[PDB]
Amino acid sequence: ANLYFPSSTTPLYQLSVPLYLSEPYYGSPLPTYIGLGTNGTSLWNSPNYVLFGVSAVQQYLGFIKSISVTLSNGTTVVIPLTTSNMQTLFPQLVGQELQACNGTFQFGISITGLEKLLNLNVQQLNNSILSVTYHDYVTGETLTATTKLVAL
Amino acid sequence: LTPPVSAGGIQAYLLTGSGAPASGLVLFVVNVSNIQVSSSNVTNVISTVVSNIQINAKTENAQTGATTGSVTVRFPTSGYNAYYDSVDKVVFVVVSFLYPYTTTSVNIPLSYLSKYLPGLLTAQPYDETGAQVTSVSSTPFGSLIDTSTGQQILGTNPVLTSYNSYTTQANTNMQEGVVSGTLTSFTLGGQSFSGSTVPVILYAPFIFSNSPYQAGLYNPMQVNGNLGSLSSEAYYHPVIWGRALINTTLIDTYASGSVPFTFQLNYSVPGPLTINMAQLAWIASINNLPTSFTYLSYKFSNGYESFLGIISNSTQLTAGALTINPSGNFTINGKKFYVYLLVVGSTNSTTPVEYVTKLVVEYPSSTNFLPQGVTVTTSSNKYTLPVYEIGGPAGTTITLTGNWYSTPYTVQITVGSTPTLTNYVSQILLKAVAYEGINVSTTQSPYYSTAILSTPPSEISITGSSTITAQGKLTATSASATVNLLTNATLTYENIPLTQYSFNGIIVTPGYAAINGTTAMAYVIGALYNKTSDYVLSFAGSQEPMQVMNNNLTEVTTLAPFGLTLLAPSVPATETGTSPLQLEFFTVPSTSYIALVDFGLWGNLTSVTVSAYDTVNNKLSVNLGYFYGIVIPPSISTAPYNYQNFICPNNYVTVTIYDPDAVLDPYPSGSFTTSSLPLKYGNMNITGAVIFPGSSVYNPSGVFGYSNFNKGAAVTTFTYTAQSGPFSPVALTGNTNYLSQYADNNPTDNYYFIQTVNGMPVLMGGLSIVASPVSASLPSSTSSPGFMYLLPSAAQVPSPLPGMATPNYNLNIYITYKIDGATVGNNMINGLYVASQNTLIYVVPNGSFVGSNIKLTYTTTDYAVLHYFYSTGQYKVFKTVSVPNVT
Amino acid sequence: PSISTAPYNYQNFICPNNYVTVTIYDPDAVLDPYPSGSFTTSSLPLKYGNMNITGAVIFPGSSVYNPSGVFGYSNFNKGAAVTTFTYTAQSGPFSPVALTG
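As you go down the protein sequences, you meet chains L, Z and C in turn. Here the deposited numbering is used: the first residue of the first sequence is 888, the next is one more, and so on. Here the deposited numbering is used: the first residue of the second sequence is 1, the next is one more, and so on. Here the deposited numbering is used: the first residue of the third sequence is 634, the next is one more, and so on.
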């Protein structure tokens, strides 16, 4: 499994932006979703799965990791968004699946809280990469998104 | 109408509605139209089409969308009933499946069935052998022809007896069974057919759509609109914005007669959440109080002022020039306490200026240390606790001297000339929950789909998650202590002697201007120091959602008594207890808009989960649907002009104008009003604004979800009365207060719906025209809102639906100067004058016929088009009518 | 038998629209050519020749037959139920077809 935006060519004058989780370990006939919780947590929620008559509950399946834009000076160091911010940045109570039997999971999320706290603007003070990250016990892997900012 | 469109394979429909005729009869429709079907080849096509269809029955759990089984059977081909509607081009067959008609064919009406196929009425069906009949008669179940060994299916089926008492016996054991259809491809005439299904079946799970679309729920508004911010990563996104309509898929099958529905929406806010909360009140024992300060009241917008409730165990407090009634009093353990509720000000006012009624405070039991609920009462026996006021001129020192116990203690106000207001700013992690009402009867059944505003006019509760902890120094006689809550708010405690208590409380209110006062959230904690066989400090606290209404701080609900124990067999200790904290505000219906935009629970920084419920019948939605935000600037168009299209009085200038937020009422011969009731949502009774069908305003009474309810009568019907002006404009009237509750297919009264106070628009919406040189302007003071009647056509391609919400409204205009100087009575024919309903004529001078012009600015009907795409300068959208100079 | 390891596809456990059918080979273990049957077994004195060797007689039907008479003729009678066996649902966990009696 891998997280990715199909754009690393990303134009900037955006406040909400989507991306693909390609993750075909995590299919399910539709509808299905995930309760996005404490760390971003992938607390998998669908009452809409059956297998001979039983309704389904929360299943702890990972979490969104962080969000990091680049600081380079000759050693590699990052900037975290903190698990308080992440309870509120990914509070989403449904993110549905777009195609059955294969992960597709859509989140559309802010650049209004991102613009504000990482100190990104439309091109004013911007130039970075901007990669947001997920983790899962679904495939037991680190998996990070790909976007590069050219500084518009 | 709705399903969102798929064709060539199956789409199934229940026959139910308002006055349902027989529910459990089901229509199956397949579309053959990639070959042309005549009325002689019709015989060939429908025999073979029913020869390839297979018919099914699916087993799942009643609520789910996942797979555990099915079975398949087929239609007859010998003794077959098969039909062809010529107009829509569709081969269709109807079947009867539920009690008592399980066991027998019955004749299906071609009228109520005509609710889901139009061309049945306009042209009779066509039968086998190239005849045409009006009649439908279905195939009977248990005398079909199998494909199993080419046999015939039994007369008694499990599905038969399951439906022959469906009322219980369709609910089976762990599962349900649902009749469905499908097609295996074949070619005849030289083309193939396969398509898809979106829940509309004779029992259809109460969920929301997600198939076929690779975004979930569709937005027929999103696409068009100027953007360049999204390259190729976007191909997944469901969005809506504000008041602009998300059309929903309230799938439902489980009702009879009129089907009411309530809504619950669940909003949440991407991005960090610090919360600002003004100090609505403090309460404290005077031991715990400092011995001087400087403060003056912060005001609150429902009419309320700040207070401090001193808890002095003195018989008579001495605060101000006031002689003070015990505002509350209580006793515990032999010692009597007295609460003295006191505003501060530049004057003492002996009259209570506010109340807090029914204060419920916990404290720890003295043997068991489980919480102890008490309410505190005046010596005159009032639970409506008087919130008095002390003070006097600024700079003056006024010694609030109450005796904790009967030992003196002080806290002395210095009267400020400015507030010294301390607002609690701290991190908490919230959710917001919303509701809305509707009584639905429409012709779109079972698949009841309509247009819901993603900002309601009707209630919200904000409920969300924080931490409270309690820290306390067990000494051996005395005890220092404190409790921290909200994530910087706190309540201090100096010495608490054995067997004895101290008390502290705070009220928090979202520090703004229409949430402050108006809603409140109390936390009052009693704390006990004592010993049993181990030295014990303990806190116990309840916590109350409350609301100032009629000045009375009226308790909504109280939430949990938490008892926090700290036992220490050893003599010294300094231990902690923990408890969750719920910040709960349940505000007023209308603060759904108002306080909603003073927080900002909405933007491109928002995410939404949607849920529904069926009221009297009590039916719920187990899938929560979703969407998000991308705000867009509007596009706009107009339709031809030539210089020729002024010349001749039959050469015209068309316009069709676009602003995608400017519908609120889908479907021709719609119309609706509103009222309010306590509808059921969930397990309880939500005070929701019930949208009512019809042009008729209504006045229901009694409790709803029940048949205690009985709907009232007509209050006002809304009447586009043809005015007597030039070329007859047709302005909208009624009892125009109820424009508040009126919306219609016309876009020029869709902006009162929430953004009003009392029939007085706050948001202007709908088209906006001014003329020049000779000026006339609409909608405006010249021509009242709804100055003509207007309709949508047939919707967008982004709408996959025929006959629903188009912000494409269609008008004809001319310009003329050869009826210039004429007069209709003494109404002078010179300027823009609206010819009745969807016509227009502009008149101008004998020379300024060239350079005559007219300016159209279509005006937003959603607030939230403004957001971040105001800088496009197409938030509201900008076009013109003109006459070219020619030589 | 001889056999080798061989698994079945991952997507057939991810979605239950897909599911598997394991086919096991084990040669001597087959009883009765009549799937969609149900039956019972008694033992009776199988007359053959100059004797009656006793042995296991199978009877169709689900009920537990109680034979009478001397076995070996059209004279003979086969019995009837002593308890009727039946694959009932033991509900709670996912409904089985579980024989009681």
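Even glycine gets a Cβ: it sits at the ideal position worked out from N, Cα and C.
Near L:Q1010, which residues of its chain fall below 8 Å by C-beta distance, leaving aside the five closest residues on each side in sequence? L899, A1038, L1039
On the DSSP letters alone, give me the boundaries of the beta strand (DSSP E) that L:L1030 sits inside. 1028 to 1031
In angstroms, rounded to a whole number, what distance separates the CA positions of L:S933 and Z:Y447? Within the model, the alpha-carbon separation for L:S933 versus Z:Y447 is close to 22 Å.
Cα separation between Z:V877 and Z:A639? For Z:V877 and Z:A639, the distance between alpha carbons rounds to 15 Å.
Which residue's Cα is closest to the Cα of C:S635: C:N642, C:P649, C:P660, C:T721? C:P660
In chain order, what residues of the same chain have a beta carbon less than 6 Å from the beta carbon of Z:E128, not counting five sequence neighbours either side? For Z:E128, where only same-chain residues beyond five positions count, the Cβ hits under 6 Å are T43.
Could you confirm whether any beta carbon from chain C is found closer than 8 Å to the beta carbon of Z:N210? It does not; no Cβ of chain C falls within 8 Å.
Beta-carbon neighbours of Z:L624, restricted to chain L and to distances below 8 Å: The answer, in chain order, is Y920, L980, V981.
With a threshold of 8 Å between beta carbons, is C:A722 in contact with chain Z? yes
Determine, for Z:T509, whether the minimum Cβ-Cβ distance to residues of chain C falls below 8 Å. no
Quick one, are the C-beta atoms of Z:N56 and Z:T102 less than 8 Å apart? no
Interface residues of the stretch 649 to 660 of chain C facing chain L [CB-CB below 7 Å]: Cβ contacts with chain L: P649, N650.
Are the beta-carbon atoms of Z:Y842 and Z:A771 separated by less than 8 Å? yes
Expressed to the nearest angstrom, what Euclidean distance is found between the alpha-carbon atoms of L:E1002 and L:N1008? 6 Å
Segments of 4+ residues assigned as alpha helix (DSSP H) that fall wholly inside the stretch 23 to 60 of chain Z: Taken in chain order, the whole alpha helix (DSSP H) runs of length 4 or more contained in the stretch 23 to 60 of chain Z are 42 to 52.
Answer with buried or exposed for C:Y681, where buried requires no fewer than 16 other C-beta atoms within 10 angstroms of its C-beta. exposed
Classify Z:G577 as buried or exposed, calling it buried when 16 or more other Cβ atoms lie within 10 Å of its own Cβ. Z:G577 comes out buried.
For Z:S256, the nearest candidate out of Z:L14, Z:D665, Z:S621 (CA to CA): The candidate whose alpha carbon is nearest that of Z:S256 is Z:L14.
Less than 8 Å separating the beta-carbons of Z:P76 and Z:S105? no
Spell out whether any CB of chain L is found under 8 Å from the CB atom of Z:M277. no
With which residues is Z:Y388 paired in a DSSP beta bridge? Paired residue(s): Z:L342.
So the beta strand (DSSP E) Z:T182 belongs to, where does it begin and stop? 176 to 183
Given 8 Å, three or more beta-carbon pairs between the stretch 113 to 132 of chain Z and the stretch 51 to 65 of chain Z: With fewer than three CB-CB distances shorter than 8 Å, the stretch 113 to 132 of chain Z does not count as touching the stretch 51 to 65 of chain Z.
Alpha carbon to alpha carbon, how far is Z:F539 from Z:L308? Give it in angstroms, no decimals. 21 Å
Are Z:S135 and Z:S258 touching if we call contact CB-CB under 8 Å? Cβ atoms of Z:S135 and Z:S258: not closer than 8 Å.
Using a beta-carbon distance below 8 Å, is residue 752 of chain C in contact with chain Z? Here chain C comprises residues numbered 634 to 734, so residue 752 of chain C is not present and cannot be evaluated.
In terms of residue numbering, what span does the alpha helix (DSSP H) encompassing Z:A595 cover? 594 to 597
Counting only beta-carbon atoms, is Z:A66 nearer than 8 Å to chain C? Taking a beta-carbon distance threshold of 8 Å, Z:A66 counts as an interface residue toward chain C.
Could you give the C-beta distance for Z:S607 and L:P978, rounded to a whole number, given that I count them as a contact under 8 Å? 7 Å
Going by other Cβ atoms of all chains shown within 10 Å of its Cβ, with 16 needed for buried, is Z:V762 buried or exposed? exposed
Whole beta strand (DSSP E) elements within the stretch 555 to 600 of chain Z, 3-residue minimum: 559 to 568, 573 to 586
Could you check whether the Cβ of L:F992 sits closer than 8 Å to any Cβ belonging to chain C? no
Name the DSSP beta bridge partners of Z:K879, please? The secondary-structure analysis by DSSP pairs Z:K879 across a beta bridge with Z:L856.
For Z:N81, count the other beta carbons within 10 Å of its own beta carbon; 16 or more makes it buried, fewer makes it exposed. Which is it? By the neighbour-count rule (16 or more Cβ atoms within 10 Å), Z:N81 is buried.
Touch check for the stretch 343 to 352 of chain Z and the stretch 374 to 393 of chain Z: three-plus C-beta pairs under 8 Å? A contact between stretches requires three or more CB pairs, one per stretch, nearer than 8 Å, and the stretch 343 to 352 of chain Z meets this requirement with the stretch 374 to 393 of chain Z.
Give me whichever residues DSSP pairs with Z:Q547 in a beta bridge. Z:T554
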